[PDB]
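All remarks here apply to the structure that follows.
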Amino acid sequence: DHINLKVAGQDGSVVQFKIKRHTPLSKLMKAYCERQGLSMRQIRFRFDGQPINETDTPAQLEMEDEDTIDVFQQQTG
Amino acid sequence: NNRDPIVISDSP
């Protein structure tokens with residue numbers, strides 16, 4: 001079935017990603033990034049501690065229902 | 001706080 005992944009940025013934004021356990025997290029990152037209007041290389045996604053790979057999946061990272069994903073900004077320079 | 005639900009479907 002569908003899994004609910006809670007993605008949070010740096011504010012009180014609680015978006016619920018209802019995707020499939022076999023759906024690449026790369027698309028999840030892009031979906032959120034596109035909604036914000038930024039480049040996928042301008043931000044960074046992390047799962048608990050380890051950063052998400054461009055080929056990672058909910059079933060790969062052993063993500064459960066109602067899990068959480070952290071979104072950080074890339075340093076200017 | 002704001003909550004939005006997004007659904008993504010991928011074809012194998």
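Here Cβ is always computed from backbone atoms with ideal geometry, including for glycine, and neighbour counts include all displayed protein chains. Readers should treat all values here as calculations from the given coordinates under stated rules, not as data from a laboratory.
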Restricting the range A:12-32 to residues that are surrounded by fewer than 19 Cβ atoms within 10 Å (Cβ to Cβ) and more than 9 Å from every other protein chain (Cβ to nearest Cβ), the residue that is farthest from the chain's Cα centre (by Cα): A:21
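Give A:3, A:69, A:52 a once-over and let me know the one that is under 20 Å from residue B:11 (Cα atoms), touching a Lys or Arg at 6+ places or on another chain (Cβ under 8 Å) and of a type in the set (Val, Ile, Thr). Steps first, please.
Values: A:69 fails: under 20 Å from residue B:11 (Cα atoms); A:52 fails: under 20 Å from residue B:11 (Cα atoms).
Step by step, each of A:3, A:69, A:52 is checked, and only A:3 is under 20 Å from residue B:11 (Cα atoms), touching a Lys or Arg at 6+ places or on another chain (Cβ under 8 Å) and of a type in the set (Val, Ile, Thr).
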Conditions (1) loosely packed, with under 11 Cβ neighbours inside 10 Å; (2) within 13 Å of the chain's Cα centre (by Cα); (3) farther than 20 Å from residue B:6 by Cβ; number of the one not met by residue A:53: (1)
Residue A:2, sole failed condition from (1) within 10 Å of the chain's Cα centre (by Cα); (2) facing chain B (nearest Cβ under 9 Å): (1)
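Can you find, within the range A:56-66, the residue that is surrounded by the fewest Cβ atoms within 10 Å (Cβ to Cβ) among those that are closer than 20 Å to residue B:10 by Cα and not polar (S, T, N, Q)?
Step one: list which residues in the range A:56-66 are closer than 20 Å to residue B:10 by Cα, which gives A:56-65.
The next check asks that each one be not polar (S, T, N, Q); those that pass are A:56, A:58-59, A:61-65.
Numbers: A:56: 19, A:58: 22, A:59: 12, A:61: 16, A:62: 8, A:63: 20, A:64: 11, A:65: 12.
Selected residue: A:62.
Which residues, taken from the range A:1-17, are within 21 Å of residue A:74 (Cα to Cα) and free of Cβ contacts under 8 Å to residues at least 60 places away in the same chain?
At the first step, the residues of the range A:1-17 found to be within 21 Å of residue A:74 (Cα to Cα) are A:6-15.
Those that are within 21 Å of residue A:74 (Cα to Cα) and free of Cβ contacts under 8 Å to residues at least 60 places away in the same chain: A:11, A:12, A:13, A:14, A:15.
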Every pair of residues 6+ apart whose Cβ atoms lie under 9 Å, when the first sits in chain B and is facing chain A (nearest Cβ under 7 Å) while the second is surrounded by fewer than 10 Cβ atoms within 10 Å (Cβ to Cβ) and in a loop (DSSP other than H, G, I, E, B): B:1/A:11; B:1/A:12; B:2/A:12
Residue within the range A:33-43 that is surrounded by 14 or more Cβ atoms within 10 Å (Cβ to Cβ), within 14 Å of chain B (Cβ to nearest Cβ) and either in contact with a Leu (Cβ under 6 Å, 6 or more places away or on another chain) or free of Cβ contacts under 8 Å to residues at least 24 places away in the same chain (or both) present: yes
